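Everything on this sheet refers to the single structure shown next.
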Amino acid sequence: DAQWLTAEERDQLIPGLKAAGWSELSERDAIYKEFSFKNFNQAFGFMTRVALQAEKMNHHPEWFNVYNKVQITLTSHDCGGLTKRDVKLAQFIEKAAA
Amino acid sequence: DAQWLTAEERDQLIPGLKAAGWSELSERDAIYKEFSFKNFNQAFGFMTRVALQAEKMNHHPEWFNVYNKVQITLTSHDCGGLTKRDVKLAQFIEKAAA
Amino acid sequence: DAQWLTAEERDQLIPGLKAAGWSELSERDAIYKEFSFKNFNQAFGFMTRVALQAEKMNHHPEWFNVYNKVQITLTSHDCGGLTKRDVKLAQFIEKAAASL
Amino acid sequence: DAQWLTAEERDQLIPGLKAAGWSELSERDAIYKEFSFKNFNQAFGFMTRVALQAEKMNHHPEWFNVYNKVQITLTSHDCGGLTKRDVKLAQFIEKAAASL
C-alpha cells in the first residue's frame with residue numbers, strides 16, 4: 001500500500017509494533033526502533049536479511065549501525081508519511097530480529 | 001589450530017558435530033552438512049553471518065546454495081585435512097543456523 | 001517471463017551471454033559461468049549484490065563458492081528450463097561482476 | 001595500533017585521506033565521509049565488503065545508510081580517538097568504493 005495510513009489502519013497496525021518496541025517520532029510521521037544484538041556478526045546478518053527484504057519490497061530503511069546496535073527509522077519518502085509498506089517492513093524486521 | 005586433528009581431538013570434537021547432523025566424507029578428510037531454511041532470505045542471512053566469521057578466522061567454507069538450501073563442506077586446504085579451525089567454524093555455523 | 005525461451009528468443013538473447021563467457025550446460029536447459037575475484041571479500045560482496053537482485057526479481061541462482069571463486073548456474077526450476085528471468089539475472093550478474 | 005595517532009602519524013597518514021574526501025570531525029577525534037552509489041544494491045554490496053573487513057580486523061565503523069547513500073565515521077571507542085586501525089579501515093573503504 002502506497003497511500004498514507006488512515007486513522008483506522010493506524011489503530012489496527014501500530015499498537016502491535018509499539019508493543020514490540022517501536023515508537024512514533026515527534027517531528028516526522030515515521031516509526032523508530034533501536035535493536036541491540038550480541039555483536040556485529042549478528043547485527044550485520046540481521047541487516048542483510050532486512051536489505052534483501054528492502055529490495056524485494058522496493059522500500060528502504062533509514063538506519064544507523066555501530067557494532068551491535070542498529071537504529072531503524074521507517075517512513076515513506078514518496079508521500080512523506082507512514083504507509084502499509086512501512087508496517088510490512090517493520091513486521092519483517094521483527095521476524096528477522098527474533 | 002593449523003595442524004591436522006589428532007585421534008584424541010577427533011574423538012573429543014567430532015561426535016558433537018555428528019549429533020548435530022555433520023558427516024565425514026569418504027573421499028576426503030572433510031566434514032559436510034546440508035542446512036535447510038525456510039527461504040533464501042533466511043539462507044543468505046545465515047551465509048552472511050558465516051562469511052563474516054570466515055573473514056574473522058581467515059578460514060573459508062566450500063558451499064553450494066540454491067534458494068533455501070545451503071550445503072557446506074569444511075576442510076583445511078593448506079594441510080589437506082581437518083583442523084581445529086574446521087571444528088570452530090562448524091561450531092559457529094551451528095550457532096548461526098539456530 | 002515464466003515460459004521456456006522460444007527458438008527465436010534463444011537466437012536473440014543467448015549469443016550475447018556466450019560472448020560474455022556463459023555456456024549452455026550439456027545435461028540441463030541452463031546456463032553456467034564461473035567468476036573469479038581477487039579474494040573472498042570481493043567474491044562475497046558480489047554474491048550479496050546478486051542476492052539482493054534475486055530477492056528483487058524473486059528468481060534465484062544455483063551457486064557454489066570457495067574463497068574467490070563463484071560458479072553460477074541459472075535455470076528456472078518451476079518449469080525445468082531457461083526463461084527470460086534467467087537471462088535477466090545473467091545480465092545483472094555481468095553488471096555486478098564488472099562493478100557497474 | 002590501539003593508541004591514538006601521534007602528531008607525526010597524523011601528518012603522515014591524514015593528508016592522503018583528506019585528499020580522498022575524508023574530513024576530521026569538529027567534535028570528535030574521528031574521520032567522516034559520505035559515499036554515494038547508483039542505488040541500494042550497490043551501496044549494500046559495498047557495506048558488505050566493509051563489514052567483512054571489519055570482522056577481519058576486529059574494528060567497526062559507525063555508519064548511516066539511506067538507499068544509495070552511506071555515511072561513515074571512523075574512530076576507536078576503546079580509547080576515544082583516532083588510531084592506526086581507523087586509518088587502515090579508511091584505506092580499505094576507499095579500495096572497496098572504487099571496486100578494487
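By convention in this document, chain letters (A, B, ...) are assigned in the order of the sequence lines, proteins followed by strands, and residues within each chain are numbered from 1.
Between C:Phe35 and C:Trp22, the angle of the ring planes goes over 60°, which puts this pair in the perpendicular group of the 30/60° scheme.
In this structure the side chain of D:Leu52 reaches within 4.5 angstrom of the side chain of B:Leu52, judged on heavy atoms. Taking the side chain as every heavy atom from C-beta outward, C:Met47 and C:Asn65 approach each other to under 4.5 Å. Within the 4.5 Å cutoff, the side chain of C:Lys56 has no heavy atoms near those of the A:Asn58 side chain. With contacts defined as side-chain heavy-atom distances shorter than 4.5 Å, the pair D:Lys33/D:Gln71 does not qualify. Within the 4.5 Å cutoff, side-chain heavy atoms of D:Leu82 are placed close to those of D:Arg10. Annotation: side chain of D:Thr73 is not in contact with side chain of D:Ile31 (no heavy-atom distance under 4.5 Å). Using a 4.5 Å heavy-atom threshold, the side chains of D:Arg49 and D:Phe92 count as touching. The side-chain heavy atoms of B:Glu24 and B:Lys18, taken from C-beta on, include a pair separated by under 4.5 Å.
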Discussion item. Using the rule given for side-chain contact (heavy atoms from CB on, under 4.5 Å), can you reason through D:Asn41 versus D:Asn68, listing the C-alpha separation, both sets of side-chain angles and the distance that settles it, and then say yes or no?
Written reply: CA-CA 8 Å; D:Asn41 185 109; D:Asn68 65 319; over 6 Å; no
Item to complete: Please lay out, stage by stage, how B:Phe37 and B:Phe46 fare under the test side-chain contact (heavy atoms from CB on, under 4.5 Å).
Response: CA-CA 9 Å; B:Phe37 302 89; B:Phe46 158 83; 3.3 Å; yes
Item to complete: Take C:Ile72 and C:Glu62 through the side-chain contact (heavy atoms from CB on, under 4.5 Å) test and state the conclusion after the steps.
Response: CA-CA 6 Å; C:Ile72 302 183; C:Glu62 299 182 0; over 6 Å; no
Item to complete: Begin with the C-alpha distance, continue with both residues' side-chain angles, and end with the deciding distance and a verdict on side-chain contact (heavy atoms from CB on, under 4.5 Å) for C:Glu27 and C:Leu25.
Response: CA-CA 6 Å; C:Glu27 295 292 354; C:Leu25 290 182; 5.9 Å; no
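Heavy-atom minimum distance, C:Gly80 versus C:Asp29: O-CB, 4.4 Å. Minimum interatomic distance between D:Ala51 and A:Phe40 (heavy atoms only, all atoms of both residues): CB-CZ, 3.5 Å. Here the closest heavy-atom approach between residue B:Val50 and residue B:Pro61 is recorded as CG1-CG, 4.4 Å. A pairwise comparison of heavy atoms in C:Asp86 and C:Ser76 identifies OD2-OG, 2.7 Å as the closest pair. Summarising the geometry of C:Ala2 relative to C:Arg85, their closest heavy-atom pair is CA-NH2, 3.5 Å, with the distance given to 0.1 Å. Looking at every heavy atom in both residues, D:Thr75 comes nearest to D:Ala30 through CB-CB, 3.6 Å.
Taking NE2 of B:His59 as the start and OH of C:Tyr67 as the end, the distance is 13.0 Å to the nearest 0.5 Å. Here the CG-CG distance, from D:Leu74 to D:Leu89, works out to 5.0 Å after rounding to the nearest 0.5 Å. Rounded to the nearest 0.5 Å, atoms CD (C:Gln53) and CD (C:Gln91) are 11.0 Å apart.
Remark: B:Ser23 pairs with B:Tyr32 by the side chain to side chain contact (heavy atoms under 4.5 Å, CB included) rule, at least two apart or across chains.
Counted by atom type alone, B:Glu9 and B:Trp4 present zero donor-acceptor pairs between their side chains at under 3.5 Å. A donor-acceptor contact closer than 3.5 angstrom links the side chains of B:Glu55 and B:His60.
For C:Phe44 and B:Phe44, the distance between ring centers is under 6.0 angstrom.
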